[PDB]
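1. Got a sequence here, can you build the structure:
(chains A, B, C, D and E, ligands or ions: 4)
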Amino acid sequence: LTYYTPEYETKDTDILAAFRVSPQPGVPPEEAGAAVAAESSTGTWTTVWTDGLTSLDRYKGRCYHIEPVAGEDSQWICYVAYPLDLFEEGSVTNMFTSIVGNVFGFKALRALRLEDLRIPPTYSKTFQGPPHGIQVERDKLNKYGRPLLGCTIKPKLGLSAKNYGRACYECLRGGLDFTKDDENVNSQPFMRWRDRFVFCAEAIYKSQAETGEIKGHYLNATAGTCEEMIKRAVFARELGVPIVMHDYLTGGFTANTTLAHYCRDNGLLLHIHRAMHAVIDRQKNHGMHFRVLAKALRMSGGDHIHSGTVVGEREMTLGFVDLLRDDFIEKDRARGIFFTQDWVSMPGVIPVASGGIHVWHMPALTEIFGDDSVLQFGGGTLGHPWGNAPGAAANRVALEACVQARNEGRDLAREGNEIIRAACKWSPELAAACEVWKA
Amino acid sequence: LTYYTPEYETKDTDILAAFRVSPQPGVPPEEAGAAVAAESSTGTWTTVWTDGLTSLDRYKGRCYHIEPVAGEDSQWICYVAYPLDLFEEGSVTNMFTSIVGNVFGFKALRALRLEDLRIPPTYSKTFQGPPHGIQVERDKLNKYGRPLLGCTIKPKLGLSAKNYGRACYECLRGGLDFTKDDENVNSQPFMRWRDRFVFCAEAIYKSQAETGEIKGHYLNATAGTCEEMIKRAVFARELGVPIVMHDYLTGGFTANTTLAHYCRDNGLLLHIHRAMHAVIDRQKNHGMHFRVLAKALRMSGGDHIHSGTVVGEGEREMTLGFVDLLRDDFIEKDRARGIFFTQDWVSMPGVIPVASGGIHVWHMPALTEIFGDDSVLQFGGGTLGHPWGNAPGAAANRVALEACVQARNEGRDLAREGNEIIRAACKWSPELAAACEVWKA
Amino acid sequence: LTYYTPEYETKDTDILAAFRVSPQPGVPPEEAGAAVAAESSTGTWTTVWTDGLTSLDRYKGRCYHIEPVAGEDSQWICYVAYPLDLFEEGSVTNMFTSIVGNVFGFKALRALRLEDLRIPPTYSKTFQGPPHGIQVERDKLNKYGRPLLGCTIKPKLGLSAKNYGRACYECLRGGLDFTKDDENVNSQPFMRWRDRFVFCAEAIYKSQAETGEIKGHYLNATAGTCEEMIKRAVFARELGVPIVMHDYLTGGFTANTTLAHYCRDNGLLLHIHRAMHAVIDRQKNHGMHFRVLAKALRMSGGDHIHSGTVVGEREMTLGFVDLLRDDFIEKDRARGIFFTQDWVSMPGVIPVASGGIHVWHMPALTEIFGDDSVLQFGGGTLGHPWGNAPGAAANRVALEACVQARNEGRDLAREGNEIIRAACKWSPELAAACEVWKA
Amino acid sequence: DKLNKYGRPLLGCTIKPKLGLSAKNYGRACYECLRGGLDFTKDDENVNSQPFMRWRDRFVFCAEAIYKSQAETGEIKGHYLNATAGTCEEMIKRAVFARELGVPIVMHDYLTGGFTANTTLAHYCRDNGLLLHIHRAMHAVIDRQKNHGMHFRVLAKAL
Amino acid sequence: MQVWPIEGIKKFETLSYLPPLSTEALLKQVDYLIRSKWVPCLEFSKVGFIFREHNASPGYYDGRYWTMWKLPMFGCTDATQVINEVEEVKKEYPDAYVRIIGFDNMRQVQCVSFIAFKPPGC
Ligand SMILES: [Mg+2]
Ligand SMILES: [Mg+2]
Ligand SMILES: [Mg+2]
Ligand SMILES: [Mg+2]
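-> Numbering: from 1, shown residues only, chains lettered A, B, ... in the order given. Ligands and ions are numbered 1, 2, ... in the order given. I have put the structure below:
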């Protein structure tokens, strides 16, 4: 119908969306695609006289292209173009409201997934973006030429604030750049946030003074209200520490954007955790792919973002890691990049890999993500038989051995086990880590 | 040399500048344009090792087109492209610093004039623009289908605040939409601003109650400091009045943008006066053409801007061109109207142009024809000089305007029939008849 | 006509203006002069009844004197007197609005230039003036008996904030008093202002600790809005650094005056850059001479002001440099001083010379400006073959050699090359600078 | 107790010339007086803020002098920094900066500034731990003649 | 290519980038003060440089003041008198820095400062 316009030339100011559409039986792709377009824009069930007070064509979403999905006889990618004027400047909230607010409940569809968005420069330039971004962060921390290393403190709940800070000091002093608050750790009966912030600050400053290297702890500012979130960031600011944390999907985009602005204004790095993402991004037929949530974070603002474990599909991960880090990313269907994306010098976000990784993963992780990444342990440090500081040292040594080998021209994919084995000869900490975890 | 790149294709994100370049004798046009590009961007008199820490090609202004000027000898139009990344978002101040901060002093140029700027959407979307703009203003004031009418209270200085407000009430009640503070009227010994604001408010509300039409007075918030400027806007807000005023070139762009934000935040219309513009925009060979200053105001923020007198001033097509740049969403390249670049404002609202300076009832047909409805026609002597005083003077102007609008709408040609339209209205309007005997056409 | 009053005795409270008037053919100087006077004051095209509610004579600008310009048969200087009551106290904005707001568009004139203003004491005493001024600045910085030395960092755009601060530290440590933000450097995608302020502060404090001498960097506070300008000054204040910068013509006088007040209240020096001045002050027949813009700056407030290169006309420069620095300046037509100017103890402003200068210019610059000046390099430090710190040392040595020689009674205009040559014998840094730049 | 000074009169010196000096030259004279064994130096009653010595400049250099002399001698030092001003807002701005600098004592001319202002300043000084030195400029206009006016003991009780 | 040193060459503002001034050269600088009708004065210190110990707000530094040696030499017409006092300080305070400053009673300020003696060993 009138919302399927296959001859439309997209404008350089349009927001474009690629939807994976699964229509009900009997519903051709073209009116499914047209329904997505009309339902996520100007479509309404009966005619109305106020339409004649404007030019509706100027606000129509249009489905301008449809292609089949490989391996499916009832799934299509439908491309939809939305005019720039639909969107409130600087608001990820309004961008999602306008595009995914209504159409996922349409009855003629069995399922619907948003795969990708083309964010035009005219729109992305209305956002702050990362408080600092990759390059500024490396300069502030004086850290170059290797992935950054972190550890999440466990048990997440259980410890007193003091015992919690003790574990942080021991991790940091052994060679990790950062320690982190579990996503669940906000403020709770046996560890109130302000107590935790004081002891973690003592730990950060003790470990930095001991090692000579800059240290941080991702202090979780996630809270029930905006007022509490900002109170937490304000105290971190008072303590002079370098980095805070936010759970951006459960706290939400309005709060995240507020926090990103506060962090820009006060020189704080912002570590973003993606709790609840798999509620939305797991199933191939319905929801939103994480690369959409990743672009939205880059716009709303964060300096780090959790990006997986890669220990999903390699090519898809590599795809949205480029979308997070790079200035210009060309369309590349093999890597899940449905649109060419130009960020016109908005800083990039450092991807963070976490979840069940130990020293034997270091070659693969270094090879996959390269230097601009955070490798985040949590079990792989606190599970070392000699304790946290040696566990940290084992991970730092393994990483630096991989970086040295890579820089020398050695292939990490083929020689990683040998690289690690050679380092075990002079690092008893690494040797010990290598016999507990096996491969 | 390396800054002349005639095969360069401009990016949709580039800021483009059109310069009228007058080189010294013996300086080739290509060197001049290259110099304008190098001296308004990266050009440094010796090599520095730090250039090796970056990629300077990325930040170079480029002269990509040069052409001779017909009417002259030794004058060229040079086009320069500037990358988006040079510019601070939302800052007209930085845009001018970057483009016109240094190059006008270059030895190898006899003279330099900036004629036009292509402001790309990617940059203009970082600016609020007008607090309200043409359409919102009409809706707020419930005024449609005609130019708005105003009068500047004179003498600018002399009056007590009370005698000043009396003159406002009598103008407004006679049919003007607005009265205005002269650009020189800020706060002064014999008329302090807060006193003026009180008496002008009394007059606005008295004239509004009497006529049934919404009235305003452009209360000048121009001040020596930002804090003083905002104190004045804050008291206007307290009084509940619709419109304040700023002199954006003499107060400056940093202050003007601050005020524009305040007016958006508090529902105040913002009338912009262009005092001092002719210091920089008068001479054909040096300075900045007004259309550049007009685009900058649209970006920084104003709801009205003074745009000339276009009658007996300057050339018609040039006025018509920058009035389109001020009001329209999309303005196609048109050198006959001094539009050097296609300009796309991506739904930034427009600014109402204001005509002033020495106009009377016999100009009403020509003024209506040239500017059309979306304009303010701003009198002074043409209201306060009526032999029966301010209210009959205002009425004479309002009658003359409505007779012009009626006739236009009926299909009559204002350019050829104006005097006849006016003389017909004199038969039933004693106020207009008395005006027409004093001034002539 | 009635606005040409050649018998008028100027009042000690009048503001006086000297206009260079170029009338249209057929327009005698007297009605041109009278038109300037009436058009920049009470003149209006038709009579009005409200004139009878006051005494217009009391607010009339008057043309009280006319003289021919040397070498011109159609150009005159017209002197106009404006009453004190026309002007809002403390507002440069209103002074320019009232005097140059309207008259430059008058049709009977071909061209018009404002050459000079007599600012009476009654009016200048309503202004703060410089936040500190020459004497206070020398006392605060503990710097006496020589010109101050600075360097503008280049490339203006290109560098990361960190790489930018690196260049600042190397310049400062070699013997410069200051480094400076390019006029274009405010806040931009690859170098956001707050990042730049942090790294420049690290650099200022490292170089000061290394050398033992007080150091500063002119941190540019120029911004799109008053709120942003002040946010930038507030952070400089937090960092405890000595000096900030403003582009006073492009930021504008209302903003500048606000910033000058903030700097007085918080002990910050204010470096003023004059970007865009040549749009106004270049052409001899139209605009405003820089000495007008210079007086206006002294009133609005700044502690330094860019004043040229003198490498224009010597006598005109010397003229407005006196107007900027001295308490009392007698009328002196050879030096472009049209009016005797009495500043009744308002502090002076330090003139800054910049633009393409190197060690061989040091004798001439020292001789022209004397001690109360800033010599600002930018190419002449970053272009030294041994890098920034040696380039700075070369400039500092050349300057001190010139000062020593001058104090000994030697003539810098005649002996400068010998003075510099003698210093090359014991300063390898200077010797190296002297072979790259040649004269 | 605050100054740790017992068993003798305290000693001070008023800097002269009252007007003439740069703020820096003024602070130099303060340092030299204090380092030689005086407890305090003082701002002349006329010294508030004036063209050749603005108050905030004077406060910075006098603070440098107070802290240099205290570090040299080992004894607590102060300078009576004059907060007397044209308005309440300016008077308090001056006391607020003294507070920031951490110095022990400020000054007020209580008869020419007046009692409403003085009482305001006395409260600010209680709330912020500042000593308050009171100068009695203009008292002899009121308290000199035996037959008319007010005796200084009245003005003293009021203070 | 020579590297600018990072240690051992702390500075004392004007003329301290020159080789240390000989007695002849110092005399000429003092003569410049006298000819200018400026008043010479000596200062001295055991600490050579600026620092920040007691406050760090804008324009506040410690170590700007040194200690005055005797009094300004009002009416001095003989540079040798100044240089002699420099030797007296050196005698009483062998490990003190000494500088010569100058007072302008016309613009009412200090207008000169330059190093006369640095203790070797420093
Ligand atoms: Mg977790
Ligand atoms: Mg006017
Ligand atoms: Mg520059
Ligand atoms: Mg006394």
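
2. Skip the chain neighbours and tell me the closest residue to the residue in chain E positioned nearest to ligand 2.
-> Residue nearest to ligand 2 within chain E (CB to the ion): residue E:58, separated by 42.2 Å. C-betas here are computed from N, CA, C, even on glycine. In this structure, residue E:58 finds its nearest non-sequential neighbour in residue C:267, 4.2 Å apart by CB to CB, 6 or more residues apart in numbering or on different chains.

3. Correct me if wrong: the one you found contacts residue D:60.
-> Yes: shown here, residue C:267 and residue D:60 form a contact pair, counting by CB atoms under 8 Å, at 6.5 Å.

4. mind checking how far the residue nearest to residue E:58 is from chain B?
-> Using CB to the nearest CB, to the nearest Å, residue C:267 is found at 19 Å from chain B.

5. Can you tell me the number of residues neighbouring that residue?
-> Residue C:267 sits with 22 neighbouring residues when counted by other CB atoms under 10 Å in any protein chain shown.

6. Can you give me the separation between it and residue D:90?
-> Distance, residue C:267 to residue D:90, by CB to CB, to the nearest Å: 16 Å.

7. again with residue A:395
-> For residue A:395 relative to residue D:90 (CB to CB), the value is 60 Å.

8. Which parts of chain E are helices?
-> Taking DSSP state H, the helices of chain E run over residues E:23-35, E:79-92.

9. And for the stretch 51-200 of chain A?
-> With DSSP state H, counting those that start in this stretch, the ranges of helices along the stretch 51-200 of chain A come out as A:92-100, A:121-124, A:134-141, A:161-174, A:193-211.

10. Please convert these to CSV, extending it with mean neighbour count and distance to residue E:24.
-> Putting the helices of the stretch 51-200 of chain A into CSV (neighbours: other CB atoms under 10 Å in any protein chain shown; distance: least, CB to CB, whole Å) gives the following:
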stretch, mean neighbour count, distance to residue E:24
helix A:92-100, 19, 75
helix A:121-124, 23, 69
helix A:134-141, 20, 51
helix A:161-174, 22, 61
helix A:193-211, 19, 53
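
11. For my notes, please list those in a markdown table and give distance to ligand 1 for each entry.
-> Formatted as a markdown table, the helices of the stretch 51-200 of chain A follow (distance: least, CB to the ion, whole Å):
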| stretch | distance to ligand 1 |
| --- | --- |
| helix A:92-100 | 24 |
| helix A:121-124 | 30 |
| helix A:134-141 | 21 |
| helix A:161-174 | 14 |
| helix A:193-211 | 15 |
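
12. Residue A:373 reaches residue A:149, doesn't it?
-> No: Residue A:373 sits out of contact with residue A:149 when judged by CB under 8 Å, with a separation of 9.9 Å.

13. who touches both of these two?
-> In the contact map built from CB atoms under 8 Å, 6 or more residues apart in numbering or on different chains, no residue is linked to both residue A:373 and residue A:149.

14. circling back: how about the residue nearest to residue E:58, what does it touch?
-> Contacts here follow CB under 8 Å, 6+ apart; on that basis residue C:267 touches D:56, D:60, E:57-60.

15. Just give me the neighbour total for the closest residue to ligand 3 within chain E.
-> For chain E, the residue positioned closest to ligand 3 under CB to the ion is residue E:58, at a distance of 24.1 Å. The number of residues packed near residue E:58 is 21, by other CB under 10 Å.

16. how about it, what does it touch?
-> C:236-237, C:240-242, C:266-268.

17. quick revisit: looking at the helices of the stretch 51-200 of chain A, spot the one closest to ligand 3.
-> Going through the helices of the stretch 51-200 of chain A one by one, with CB to the ion as the measure, helix A:134-141 comes closest at 24.0 Å.

18. does that closest one come close to chain B?
-> No: no part of helix A:134-141 sits near chain B under the criterion CB under 8 Å from any CB of the partner chain; the closest distance found is 12.1 Å.

19. So which elements touch that helix?
-> On a contact count with 3 or more CB pairs under 8 Å, 6 or more residues apart in numbering or on different chains; DSSP states H and E, helix A:134-141 meets helix C:161-174, helix C:193-211.

20. residue nearest the centroid of chain E?
-> Ranked by distance to the mean C-alpha position of chain E (CA atoms, centre = their mean), the top residue is residue E:99 at 1.8 Å.

21. Identify the bridge partners of that residue.
-> Residue E:99 has the following beta-bridge partners by DSSP bridges: residue E:43, residue E:115.

22. same deal with residue A:16?
-> On the basis of DSSP bridges, residue A:16 takes part in beta bridges with residue A:81, residue A:118.

23. isn't it right up against residue A:83?
-> No: with the criterion set as CB under 8 Å, residue A:16 and residue A:83 do not qualify as a contacting pair; they are 11.1 Å apart.

24. just to revisit the earlier point, which among the contacts of residue E:58 gets closest to ligand 4?
-> Proximity of the contacts of residue E:58 to ligand 4 was ranked by CB to the ion; the top entry is residue C:267 with 26.9 Å.

25. so where do the strands sit in the stretch 201-350 of chain A?
-> In chain order, the stretch 201-350 of chain A shows strands spanning A:216-220, A:243-247, A:269-273, A:287-288, A:304-308, A:328-329, A:341-342, A:350-354, with DSSP state E, counting those that start in this stretch as the criterion.

26. any chance of the ones you listed in JSON lines, with distance to chain E and mean neighbour count too?
-> Supplementary listing: those in JSON lines, determined by distance: least, CB to the nearest CB, whole Å; neighbours: other CB atoms under 10 Å in any protein chain shown:
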{"stretch": "strand A:216-220", "distance to chain E": "25", "mean neighbour count": "28"}
{"stretch": "strand A:243-247", "distance to chain E": "25", "mean neighbour count": "27"}
{"stretch": "strand A:269-273", "distance to chain E": "25", "mean neighbour count": "27"}
{"stretch": "strand A:287-288", "distance to chain E": "50", "mean neighbour count": "22"}
{"stretch": "strand A:304-308", "distance to chain E": "33", "mean neighbour count": "25"}
{"stretch": "strand A:328-329", "distance to chain E": "39", "mean neighbour count": "15"}
{"stretch": "strand A:341-342", "distance to chain E": "42", "mean neighbour count": "22"}
{"stretch": "strand A:350-354", "distance to chain E": "34", "mean neighbour count": "25"}
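
27. Nearest to chain B, out of those?
-> Ranking those by proximity to chain B (CB to the nearest CB) places strand A:341-342 first, at 8.8 Å.

28. Which parts of stretch E:76-91 count as buried, going by neighbours?
-> Of the residues in stretch E:76-91, those buried by neighbour count under the rule 16 or more other CB atoms under 10 Å in any protein chain shown are E:76, E:79, E:82, E:85-86, E:89-90.

29. ok, now how distant is the residue of chain E found nearest ligand 1 from residue D:60?
-> As assessed by CB to the ion, ligand 1 sits closest to residue E:56 within chain E, at 40.8 Å. Distance check for residue E:56 against residue D:60: by CB to CB, it reads 12 Å.

30. Now do the same contact list for residue 40.
-> No chain specified, so I'll use chain A. Contacts of residue A:40 by CB under 8 Å, 6+ apart are A:17, A:61, A:80, A:82, A:98-103.

31. that's the other chain; I wanted chain E
-> When contacts are counted by CB under 8 Å, 6+ apart, residue E:40 is found next to E:30, E:33-34, E:72-73, E:76, E:82, E:100-102.

32. Right, I'll call it a day here.
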